[PDB]
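A short worksheet on the structure shown next.
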There are 6 protein chains.
Amino acid sequence: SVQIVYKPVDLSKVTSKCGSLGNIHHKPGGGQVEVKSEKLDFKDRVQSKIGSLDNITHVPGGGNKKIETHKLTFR
Amino acid sequence: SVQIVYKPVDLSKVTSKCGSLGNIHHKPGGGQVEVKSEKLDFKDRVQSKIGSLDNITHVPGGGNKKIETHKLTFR
Amino acid sequence: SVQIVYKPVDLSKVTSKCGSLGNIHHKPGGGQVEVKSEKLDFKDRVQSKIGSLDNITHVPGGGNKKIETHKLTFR
Amino acid sequence: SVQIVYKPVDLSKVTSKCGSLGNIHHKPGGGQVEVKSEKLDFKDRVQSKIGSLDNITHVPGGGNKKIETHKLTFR
Amino acid sequence: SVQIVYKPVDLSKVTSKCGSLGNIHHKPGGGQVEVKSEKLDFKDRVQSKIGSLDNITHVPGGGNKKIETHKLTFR
Amino acid sequence: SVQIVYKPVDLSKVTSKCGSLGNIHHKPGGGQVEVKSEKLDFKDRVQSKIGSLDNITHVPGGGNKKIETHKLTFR
């Protein structure tokens with residue numbers, strides 16, 4: 001009496017070519033950091049970070065993404 | 001009596017060529033940071049960061065994305 | 001008695017060529033930063049950041065996106 | 001009583017920077033050279049140079065001298 | 001009593017920068033050269049140069065001298 | 001009483017930086033050279049040089065001298 005057919009089809013490409021990929025950092029400086037605290041009070045958690053230089057460097061040789069999500073649902 | 005036929009089709013391309021890809025950072029300075037605090041009262045969570053230089057560098061050799069979502073739903 | 005047929009078709013391209021792709025940061029300066037606080041009160045979560053130079057650099061060798069959403073829905 | 005205190009402070013910098021130094025993406029490119037020579041007669045000294053590119057950096061200068069003299073004398 | 005104090009402070013910078021220094025994307029491009037020579041007679045000294053690009057940098061100068069004398073004397 | 005105190009302080013810097021130094025992506029490129037010679041007669045000394053690229057760096061200079069004298073004398 002009833003049929004439900006979920007037959008989606010994906011042939012897609014997510015692609016790259018690239019030549020030379022380069023990153024250079026040449027001398028960065030984090031300068032002086034100074035902190036002074038007196039009579040502070042806290043009543044739920046403290047999350048902290050202190051520092052002269054914070055660096056993140058992500059250099060993927062193709063950083064390509066495919067996200068697919070499929071739902072068949074009854075509620 | 002009833003049929004439901006979910007048959008979408010995807011041949012799509014998301015693509016790049018590239019020659020040389022380069023990034024240069026040449027010398028940045030974060031200058032002096034100074035913080036002074038007295039008698040602060042905090043009643044819920046504290047999330048903090050202090051610092052002279054904060055760098056994020058992201059250099060994907062092709063950073064291409066495909067996002068697709070498919071729903072067949074009854075409620 | 002009833003049929004519903006969902007057959008969309010996608011042949012799309014989203015594409016790039018490129019020659020040389022280059023980014024140069026040459027010497028930036030974050031100047032001196034100073035903060036003073038006295039007798040502050042806080043009653044819900046506090047999110048803070050202090051710093052002389054904050055840099056983000058995203059340099060994709062082709063940063064192409066395809067976003068598609070397909071819904072068949074009964075409620 | 002008598003007190004004599006000779007205490008000069010030198011924190012000076014004397015700096016020389018000569019020649020090519022901090023260039024970024026310097027790409028000197030010499031094109032094609034052709035020499036065809038026929039039936040030439042040389043009756044005295046020949047000094048000959050042929051070529052696409054000379055990329056010479058040449059520094060007879062850039063030298064420093066610091067001369068500094070100190071005297072304390074009672075006579 | 002007598003108190004004599006001699007305490008001069010030198011923080012001076014003497015700096016020389018000569019030549020090419022901080023250029024970005026310097027791309028000198030020498031064209032094609034052709035020399036055809038036939039039946040030339042040289043009865044005396046020949047000095048010859050042929051070429052597409054002379055990317056010479058040359059620094060006889062840019063030297064420094066600091067001369068500085070100090071004297072405290074009682075006579 | 002008598003007190004004599006000779007305490008000059010030297011923290012001074014003499015620096016020379018000469019020649020090629022801190023270049024990034026320096027890519028000198030000498031193109032093709034061709035030399036054809038026929039029936040040339042040389043009756044005296046020949047000095048000959050052929051090539052695509054002379055990437056010479058040459059530093060007769062960049063020397064330092066610091067001359068620095070101290071005298072304390074009673075006579």
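Ligands are numbered from 1 in the order shown, chains are lettered A, B, ... in the order of the structure tokens, and residues start at 1 in each chain.
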Next on the checklist: Distance limit 12 Å, atoms considered: only C-alpha atoms. Which chain B residues sit that close to chain F? Return them as a PyMOL selection string.
Outcome noted: chain B and resi 20+22-27
Let's have the selection written as a compact mmCIF listing (two decimals), in the first residue's frame, with N, CA and C atoms.
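To be explicit, this is the file written out as selection25.txt:
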```txt
# COMPACT_ATOMS: atom_id res chain seq x y z
N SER B 20 52.15 29.21 -7.13
CA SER B 20 52.73 29.36 -5.81
C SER B 20 51.77 30.07 -4.87
N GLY B 22 52.03 31.71 -1.08
CA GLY B 22 52.98 32.15 -0.08
C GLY B 22 52.33 33.05 0.95
N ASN B 23 52.71 32.90 2.21
CA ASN B 23 52.49 33.90 3.23
C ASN B 23 53.82 34.24 3.91
N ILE B 24 54.10 35.51 4.09
CA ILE B 24 55.24 35.98 4.86
C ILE B 24 54.71 36.86 5.97
N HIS B 25 55.04 36.53 7.20
CA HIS B 25 55.07 37.48 8.30
C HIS B 25 56.52 37.87 8.55
N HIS B 26 56.79 39.15 8.57
CA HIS B 26 58.05 39.83 8.72
C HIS B 26 57.91 40.54 10.05
N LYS B 27 58.93 41.03 10.75
CA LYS B 27 58.76 41.01 12.20
C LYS B 27 57.71 41.95 12.82
```
Identify, with DSSP run on backbone atoms, the residues in chain F assigned to strand (DSSP E or B), and express the list as a short mmCIF file (atom, residue, chain, number, x, y, z; two decimals) with C-alpha atoms, in the first residue's frame.
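Contents of the output file part35.cif:
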```cif
data_model
loop_
_atom_site.label_atom_id
_atom_site.label_comp_id
_atom_site.auth_asym_id
_atom_site.auth_seq_id
_atom_site.Cartn_x
_atom_site.Cartn_y
_atom_site.Cartn_z
CA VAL F 2 89.29 61.46 51.17
CA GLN F 3 87.39 59.01 48.91
CA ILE F 4 88.09 58.77 45.12
CA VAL F 5 85.88 56.38 43.04
CA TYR F 6 86.50 55.71 39.33
CA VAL F 9 80.35 51.70 32.85
CA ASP F 10 80.50 50.43 29.28
CA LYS F 13 77.59 48.16 21.10
CA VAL F 14 79.55 48.52 17.83
CA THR F 15 77.96 46.45 14.99
CA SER F 16 78.45 46.15 11.23
CA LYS F 17 76.17 44.06 8.96
CA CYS F 18 77.43 43.95 5.36
CA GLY F 19 76.56 41.92 2.23
CA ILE F 24 63.27 36.25 1.76
CA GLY F 29 67.31 33.93 -12.76
CA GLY F 30 69.85 34.23 -15.58
CA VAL F 33 73.19 32.51 -23.43
CA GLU F 34 74.49 31.47 -26.87
CA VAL F 35 77.91 32.38 -28.38
CA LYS F 36 78.92 31.42 -31.96
CA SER F 37 82.43 32.37 -33.11
CA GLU F 38 84.03 31.83 -36.55
CA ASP F 41 92.25 35.89 -34.93
CA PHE F 42 93.86 36.93 -31.61
CA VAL F 46 92.77 36.98 -24.36
CA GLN F 47 90.75 37.04 -21.13
CA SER F 48 87.22 35.64 -21.65
CA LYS F 49 84.20 34.88 -19.41
CA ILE F 50 80.78 33.45 -20.42
CA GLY F 51 77.77 32.42 -18.27
CA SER F 52 74.09 33.07 -17.42
CA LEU F 53 74.37 34.36 -13.83
CA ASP F 54 76.99 36.03 -11.60
CA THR F 57 78.51 38.97 -2.93
CA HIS F 58 81.80 40.71 -2.02
CA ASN F 64 85.27 47.57 13.22
CA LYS F 65 87.76 49.09 15.61
CA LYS F 66 86.92 50.19 19.15
CA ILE F 67 89.75 52.13 20.82
CA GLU F 68 89.01 52.92 24.44
CA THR F 69 91.38 54.33 27.10
CA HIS F 70 91.22 54.91 30.86
CA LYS F 71 93.54 56.90 33.15
CA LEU F 72 93.42 57.75 36.87
CA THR F 73 96.47 59.82 38.00
CA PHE F 74 97.89 61.61 41.06
#
```
Next on the checklist: Between atom CA of residue 59 of chain A and atom CA of residue 32 of chain A, what distance in Å does the model show, to one decimal?
Outcome noted: 28.7 Å
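As for atom CA of residue 45 of chain E and atom CA of residue 40 of chain F, they are spaced 15.4 Å apart.
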Next on the checklist: Can you measure atom CA of residue 39 of chain D to atom CA of residue 31 of chain F for me? One decimal in Å is fine.
Outcome noted: 27.2 Å
